[PDB]
Structures are given as structure tokens and as C-alpha cells.
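# Topology and contacts: notes
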Amino acid sequence: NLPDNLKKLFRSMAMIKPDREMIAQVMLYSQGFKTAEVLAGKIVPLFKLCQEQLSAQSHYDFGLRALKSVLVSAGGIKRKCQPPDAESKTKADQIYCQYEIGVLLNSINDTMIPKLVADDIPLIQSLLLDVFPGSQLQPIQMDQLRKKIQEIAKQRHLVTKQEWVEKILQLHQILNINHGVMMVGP
Amino acid sequence: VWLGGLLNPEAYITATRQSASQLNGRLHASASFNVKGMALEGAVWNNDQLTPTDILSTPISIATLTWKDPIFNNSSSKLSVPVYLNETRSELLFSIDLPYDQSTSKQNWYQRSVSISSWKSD
Amino acid sequence: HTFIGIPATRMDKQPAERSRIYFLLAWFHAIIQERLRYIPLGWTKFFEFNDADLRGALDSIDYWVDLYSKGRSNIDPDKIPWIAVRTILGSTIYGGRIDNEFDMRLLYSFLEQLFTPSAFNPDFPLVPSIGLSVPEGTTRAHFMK
Amino acid sequence: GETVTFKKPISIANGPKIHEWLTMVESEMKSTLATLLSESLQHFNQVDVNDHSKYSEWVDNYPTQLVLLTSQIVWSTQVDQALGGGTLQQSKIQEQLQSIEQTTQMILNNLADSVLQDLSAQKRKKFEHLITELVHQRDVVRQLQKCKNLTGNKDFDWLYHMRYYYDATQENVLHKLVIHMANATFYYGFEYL
Amino acid sequence: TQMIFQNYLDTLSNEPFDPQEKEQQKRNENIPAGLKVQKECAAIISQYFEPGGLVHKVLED
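As recorded in the entry header, the structure was determined using X-ray crystallography to a resolution of 3.80 Å.

The name given to chain B in the PDB entry is Dynein heavy chain, cytoplasmic, with the source organism recorded as Dictyostelium discoideum. This entry carries the title "X-ray structure of a functional full-length dynein motor domain".

Per the PDB entry, chain A goes by the name Dynein heavy chain, cytoplasmic and belongs to Dictyostelium discoideum.

Structure representation (C-alpha cells):
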């Protein structure tokens, strides 16, 4: 595309598709994940799928920026999640390998499912197992807020429905990750 | 199936992967799916190996594509063939390894530019 | 055409094996460029193989081919850093503007087919089918004929 | 939020004009970093690698910008003495390299656990950066341990990458560090980052 | 929809229509005629709001 008067003064370098696998592997290492290597080979695949196997919405994004953003959160999450001869290691070793996979999911579930829609929330579940078998999403351990949230609700004559309270929390989490959060909805 | 004829080959194939993972679990040529209607451009099918030919592109009755892991060793000797979406070669679907007629040097096969098309007008 | 730019007061300079390599570049540069009119068979797309690239390569060749033989009227083929010259003319000049991996694959075959120690063998094969082998010479005028 | 006291104060009180003292900070900025880089090389070059107790102290002594260069300059030279010059049985070079591939590998883990602990962000990014860097070193080195027949500290399988070489024997203080990659050679601008 | 209906009803026998009664009740709590009326109304209609009730059947149609 360079002007017809610069395609001989410059040196073109093709940067079509990057190296997510690598970027992710090392990305996790800086967080403290000892599994990273193994992990990355799954986090990336999940993304590639979620983009072509989850209802194509307008507020859906699985670019590189997304993959980096999530991996970064997994760090702080892990920094606050105390981890758990022959057949002694193989068994004990696997357990740890899982602890990391859980922390990773906790991040996906933190800043990846709030984006999901209705018909997509079930599909993502299936996809997550094929990628992260040894685990499944967990609840929102935030009793602190849930307590004060349930108070204001009844105060504003609001129906403290379950699914409802869930979203308010979806914000507190995603906000402490992506300083720029946007709430799309009808 | 008629891959190239579909509306989204990229999707179908990337789906037959996990369906094949739900079972016995990289792609391979010949638990697995079967595609029909392809077209080998540059060579021809013979004795189960890519062989030279004076004719441009020839059809492919059908072929099996398994997702094993193994048979991927003697590739250093085999030839790599891209599976675009059509003659345009402006859209790659998936790479595939296929044995070739070792009569003609490997370098010749490279400069031979051999690829496989899914959709083909007529 | 490729030669109208390559002066004798730069191609006949020591080592003596430099005259060869230049010609090789002209041939390699004449091929890859000639194939653009046979897309998608010649190439997946149409890469801008301008002369500027060629000029750059000549400078690089004049580096490695003149770095490991500065002063000597000759130089041994196997003593030339082809893995260096072929890489520079591959993923940072000619193939630099290549996006399709399979395109580079093709490209590099031409490189590893002309820019190598075996490319010096007397009567090196260029276009066998017709009977075309590298001209045994060591000067500009020599190759021109 | 990082700080790096200069090696030569620039009293603006003396009466320097607007650009007078300004052109000075630029000169000193490069001067400071110039010297610090050398001192860092001296410090690291006098500390145990396994002993991560002191290592964790070495990092918190210099600016992240420099903290990395040192690890890069150190990595560069080590890979050479491990390749020789066309002379050194396959085992020789492969053995010399196996070490570096492991030594740095051990460090990654020491930091991998140190990052998972409590520590500010500013101080963290430094470690997060070092991590990323050492990962490059070990990875690159491994790529070498895959080449059955290597030449020496001049093989392209080594020159392909961007190596960093220091030379305290140099007259200048800036020009001491010479970056290399392929046949190209540049000079570290010493621009505080 | 059922959630919204309650918000309206609740806010009725809670939030006074007249702004004066709201200020006078806010400084007195730390039942003017108005707010008292609202309640009686909310009760008479309440039954129609619940699941399947009038409002729903009409709002849907």
C-alpha cells in the first residue's frame, strides 16, 4: 500500500497472523503459573472456537487483546487463591496442574461469560469442558458485597432476584480488570 | 460431503475435529470424516502417492481425513500440500501431508506448486 | 535488464567467484519475477519483486562473499555463509513481503537451489530439459555472452 | 513511578538558561544509565545465580531498563564461550550450552514463585519483564541445542538473533555496549525508558 | 415483567405522590392523607398484577 514513491525506500515485512501460543505461554509465566506452557495450548484453542462456535454477536470479541487481558487477570486471581516415589508424584503432580486450570477458568468466568448471551451461555459450558475437563466454573465468593447489595435492593423496592444480583457482581469483577467496561443491553 | 460446496468449510472442518476428539481423544490423509468433490491441482493420484502429470487439475472421487497424532514421521520425505477453498488460492482451509513419486526430486515438487481445491466451477 | 544496473566495475572485483554469484541472483531474480504472470500457479498472489530488492541483495552478497574473502583473488564455495545470504535474501528482502507460508516455501526452494556451494559445480544445471547450464566465466562480459 | 538519582546533580541555581540546564539532563541521563549499566554488570558478575537471595536484591538495585540489559549482555557472552570458534566436539559446545539452558531455567522458577507473592505493581512489572526476557534466552538457547553440527561463536544459527556485547575496555562510556543481530550493529541510545 | 409490576406497586404504598408529604415524612421519621390513599388503591388492584393476572393477560395481548 506504500505510496508508489516509497515501495523502494522501505522494506516490507508481513505480519499476517501472530503467535498467540507463545504470547500466552510466556504471558502466564510472568503471573506465576508453572503450567503455563501446557495451559496456553488450551486457552488459545478455546478462543479460536468461541469466535466461530458461539452466536456471532456485535459485542463479542476474541482477538489477541482479549486473550492477553484475561491471562493478566489470572495472575491476581492466583495471587489470592492458596494452592492445594513412583505413583506419589504422578498423582500429587496432577492435582497442582489442576489448581492452575481452575484459576484460569475463574478468570474466564470472570471476564468472558458476562459478555456471553443467552443461547451462548450453555454452549460455552460444553466448550470449556472439552478444553478444561478437570474443572467447571465456580460461584462468586463476595458475601461482603452480596450482603450490601441485597440491602439496597429491598430499599429501592427492587426485586432481589437471583440472576439480577449476579450481574451487579459481574461489574465489580470485570471493572477491577478492564478499567474500561461497557454494559451493552436492550 | 461436499466441503467446497458448503457455505463455510472453515467451520465444518474445525468442527469435525472436536467431534473426533469426543471419541478417540493434527489432521491426516487416507474416528474420521470423508470429503468428496475435491480437486488435486498440479499432480495426480497413483499407487497412493502424488504423481506428476501434464494435465492441470484432476478430480478426487473422495478421500478420508483422520485426526490421529505416530504416522507423522516420514513427512521429512513426504510432500506438504495446501488445501485452499478454490482455484483462486486466496483462502487456505488446511495443510495436508501426502507421499509423492520420489522419481522427481523433492525440490521439483516444491517449484511444482501443488495444491488442492475444494470448490471447482464447470 | 537486471545487468544494465550491475556495472563491470563492481562485478569483476575480487574474489573471482563473485561474478558467478551475481549472475545467479540475476537468474533467481528473473525466475521468481517471471512467474508472477502465471498466478495462481506461479505464485499465490503478486508480490512486488522490484529491482530495488535485487540491488539490496547484491549489497548483501558483496558483504558475506567479500567478508570471508577480502583480498584473495578467489574463495572456496563451501566457505561462503550461504545460510546467511539465503536468509537475508529470503525473510528480509524478497520473501519479506510474503504472507502465504506456502509461497515462501516455493521462494526458498529457488534460493537453496542457486545460492549454495553445489551451485558452483562446472556446468551447474539451470534449465536441463533444454540444456542450460551456468556459463563458465568470471567476468561481466563473460556472463553476458 | 520509578526513580533513578543521577550521578551528577545539575544545580539550576547557578543560573543556567532555559535550555542550558535542559541539555545537561540529557547528557547526564545518558551518563547515569551509562555508568549504572556497567556497575550492574559488575554487581551481577559478582553474585551467585542459584542464590536467589542476592539475585532478588540485584534486581531491586537498578532500573528495569538496565536490569534487563545486564541479563541480556550476560546471556550473549555466555553463549559464545559455549560455542567456541569451530573447535569443540559436539559434546563440548552442547555441554557448555546445556548449562546455560538450565541455569537460566532455574532462575525462571525462582522468579515464577517470587512473582506469585506480595509486591507492588511497579516492582512487579520489573519481575514480569525479566521473566519474559529469561524465557527468550532459554528458548533461543534450546533452538541451538537442536543443531547437531554447530560451528562456533559466529555460526548464523546464533548470529540470526540479536546479541548484546559489552566492552568496558572502551574509551567512551556510552559506546561500551554494542548490539548485534545478523550483520547489523547499533548503539544503545541510553534513553531512559 | 412481574418484577417491574412490584416495583411500581411497592413504590406506591411507600413513595408519596405529593412532594410535601415526602419531605414532611422524611424529617418526621428521623401518614398524610395522600400517601394513605395510594395504599388503599394498591391493594384493590394488587390481585390483578400477580402471574396470570389481568395486567399480564392484557399486557401480553
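Now, onward.
On a plain count of helices and strands, chain B comes out with 2 helices and 9 strands. Each helix and strand of chain B, placed in order from N terminus to C terminus, yields the pattern α-β-β-β-β-β-β-β-β-α-β. Here chain B has a C-alpha radius of gyration of 14 Å; the compact-globule value for 122 residues is 14 Å, and the two agree. A principal-axis box enclosing the C-alpha atoms of chain B has dimensions of 40 × 40 × 25 Å.

Further remarks concern unusual backbone geometry. In this structure, the amide linkage connecting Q14 of chain C to the following residue, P15 of chain C, adopts the cis form with an omega of 0°. Inspection of the secondary structure puts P15 of chain C in the loop between α1 (8-11) and α2 (18-34). Residue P40 of chain C is bonded to the preceding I39 of chain C through a cis peptide linkage, with omega at 0°. Looking at the secondary structure, you find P40 of chain C in the loop between α2 and α3 (51-67). Notably, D48 of chain B is not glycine yet its phi reads approximately 65°, a positive angle. In this fold, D48 of chain B is placed in the loop between β3 (44-46) and β4 (49-51).

What follows covers the interface of chain D and chain A. The interface of chain D with chain A comprises 10 residues on the first partner and 9 residues on the second. Among the elements that take part in the side of chain D that touches chain A, helix α5 (residues 121-144) of chain D stands out by supplying 6 residues, more than any other. Partitioning the side of chain D that touches chain A into residue classes produces 5 nonpolar, 2 polar and 3 charged.

So, about the packing of aromatic side chains. Taken as a whole and assessed by the stated rule, the structure comprises 24 aromatic pairs over all chains. Taking 5.9 Å as the distance between ring centres and 50° as the angle between the ring planes, the aromatic pair formed by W82 of chain C and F120 of chain C counts as tilted. In this pair, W82 of chain C is assigned in helix α4 (residues 82-88) and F120 of chain C in the loop between α6 (101-114) and β1 (125-127), connecting sequence segments 38 residues apart. With relative accessibility at 4%, the residue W82 of chain C sits in the buried group. On the accessibility criterion, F120 of chain C (13% relative accessible area) is buried. Residue placement shows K78 of chain A over the ring face of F33 of chain A; its charged tip is 5.8 Å from the ring centre.

Moving on, we get to the interface of chain B and chain C. The interface is formed by 16 residues belonging to chain B together with 13 residues belonging to chain C. Counting across the interface, chain B meets chain C through 0 salt bridges. Our count for the contact surface shared by chain B and chain C stands at 6 residue pairs in polar contact. When contributions to the side of chain B that touches chain C are tallied by element, the ones reaching two or more residues are β7 (79-84), β8 (92-98) and α2 (106-110) of chain B. Here the side of chain B that touches chain C takes 5 residues from β7 of chain B, the largest share from any one element. Residue classes in the side of chain B that touches chain C are distributed as 6 nonpolar, 6 polar and 4 charged.

Another point: the pairing of strand β6 (residues 63-66) of chain B. Along any regular strand, the residues point their side chains to alternate faces of the sheet. Residue and element names in this part refer to chain B. What you see with β6 is a clean split: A63 and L65 sit on the buried side and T64 and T66 on the side with no burial. By the bridge criterion, 4 bridges tie strand β1 (residues 32-35) to β6 in an arrangement that is antiparallel. Across the sheet, the residue bridging to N34 is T64, located in β6.

Before going further, it helps to examine the arrangement of the chains. Ranking the 6 pairs of chains in contact by contact count places chains B and C at the top. Spatially, chain B and chain D are disjoint, and the shortest separation between their C-alpha atoms is 16 Å. Across the gap from chain B to chain E, with no contact made, the nearest C-alpha atoms are 39 Å apart.

Attention shifts here to the pattern of salt bridges. Under the counting rule described, the total for this entry stands at 24 salt bridges over all chains. Salt bridges sharing partners connect three or more residues here, namely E37 of chain A together with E101, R138, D139 and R142 of chain D.

Let us look at the environment of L119 of chain D. Residue and element names in this part refer to chain D. Relative to the helices and strands, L119 is located in the loop between α4 (90-114) and α5. Separated by 82 residues in sequence, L119 and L37 place their C-alpha atoms 25 Å apart. Setting aside residues up to four positions removed in sequence, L119 forms contacts with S114 and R124.

With respect to the secondary-structure elements, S40 of chain D resides in helix α1 (residues 18-44). Aside from chain neighbours lying at most four places away, what touches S40 of chain D is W58, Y62 and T70 of chain D.

What follows is about the sheet that holds strand β1 (residues 162-165) of chain D. Residue and element names in this part refer to chain D. A sheet is described by the order of its strands in space; here 3 strands give the open sequence β1-β2-β3, paired in antiparallel fashion. Every interior strand has two partners, whereas the edge strands, β1 and β3 (184-187), have only one. Each strand axis lies, on average, 25° off the axis of its neighbour in the sheet, ignoring direction. Here β1 runs beside strand β2 (residues 178-181); their pairing, made up of 4 bridges, is antiparallel. Paired with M162 across the strands is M181, a residue of β2.

Moving on, we come to the packing of helix α3 (residues 64-81) of chain D against α4 of chain D. All names here are of chain D. Two elements in contact, α3 and α4, have axes separated by 8 Å at closest approach and are oriented at 155°. Relative to α4, α3 is oriented roughly antiparallel. Along its contact with α3, which presents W75, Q78, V79 and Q81, the element α4 presents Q96, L97 and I100. Among the residues making up the contact of α3 with α4, the classes are represented as 4 nonpolar, 3 polar and no charged.

Take the packing of helix α1 (residues 20-29) of chain A against helix α2 (residues 36-50) of chain A next. All names here are of chain A. The contact between α1 and α2 brings their axes to 8 Å, and the two run at 130°. Between α1 and α2, the angle falls in the class oblique. The crossing of α1 and α2 is right-handed. Contacts between α1 and α2 involve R20, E21, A24, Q25, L28 and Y29 from the first element and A36, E37, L39, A40, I43 and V44 from the second. Broken down by class, the residue content of the contact of α1 with α2 amounts to 8 nonpolar, 1 polar and 3 charged.

The rules behind these values
Counting starts from 1 on each chain and follows the sequence as written, independent of the entry's numbering; residues without coordinates are not shown. As they are written, the chains are lettered A onward and the ligands numbered 1 onward, keeping that order. These chains belong to a larger assembly; all numbers given describe just the chains displayed. Note that water and hydrogens are dropped before the side-chain values are worked out from all heavy atoms of the structure. Residues with missing side-chain atoms are left out of burial classes, side-chain pairs and their counts. Only DSSP runs of H or I with at least four residues qualify as helices, and only runs of E with at least two residues qualify as strands; both kinds are numbered from the N terminus onward. Note that the radius of gyration is over C-alpha atoms, with the globule rule given as 2.2 Å times the number of residues to the power 0.38. Here, two residues are considered to be in contact whenever any of their heavy atoms come within 4.5 Å of each other. Each residue is assigned to one class: nonpolar for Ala, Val, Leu, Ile, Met, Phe, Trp, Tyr, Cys and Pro, charged for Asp, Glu, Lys and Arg, and polar for all the others, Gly among them. Two rings belonging to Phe, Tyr or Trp (six-membered ring only in the last case) form a pair when the distance between their centres is within 6.5 Å. Interplanar angles under 30 degrees mark stacking, angles over 60 mark edge-to-face geometry, and anything in between is tilted. Note on classification: 1.4 Å probe, protein chains only; a residue is buried when its accessible area is under 20% of the maximum for its type, exposed when over 50%, partly exposed between these limits. Only when the NZ of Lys or the CZ of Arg is both within 6 Å of the ring centre and within 35 degrees of the ring normal is a charge said to sit over the ring. Definition used for salt bridges: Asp or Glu carboxyl oxygen within 4 Å of a side-chain nitrogen of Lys or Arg. Any pair of N or O atoms that falls within 3.5 Å is considered a polar contact. Within protein, one atom must be able to donate a hydrogen and the other to accept it, and sequence-neighbouring residues count only if both atoms are side-chain atoms. We call two strands paired when DSSP finds no fewer than two bridges between them. For helices, the axis comes from a line fit to the C-alpha atoms of the stretch in contact; other axes are also lines fit to C-alpha atoms, and the angle between any two N-to-C directions lies between 0 and 180 degrees. Each angle gets one of four labels, with under 35 degrees taken as roughly parallel, over 145 as roughly antiparallel, 65 to 115 as roughly perpendicular, and the rest as oblique. Helix crossings fall into two classes, left-handed where the near helix is turned counterclockwise from the far one by less than a right angle and right-handed where it is turned clockwise.

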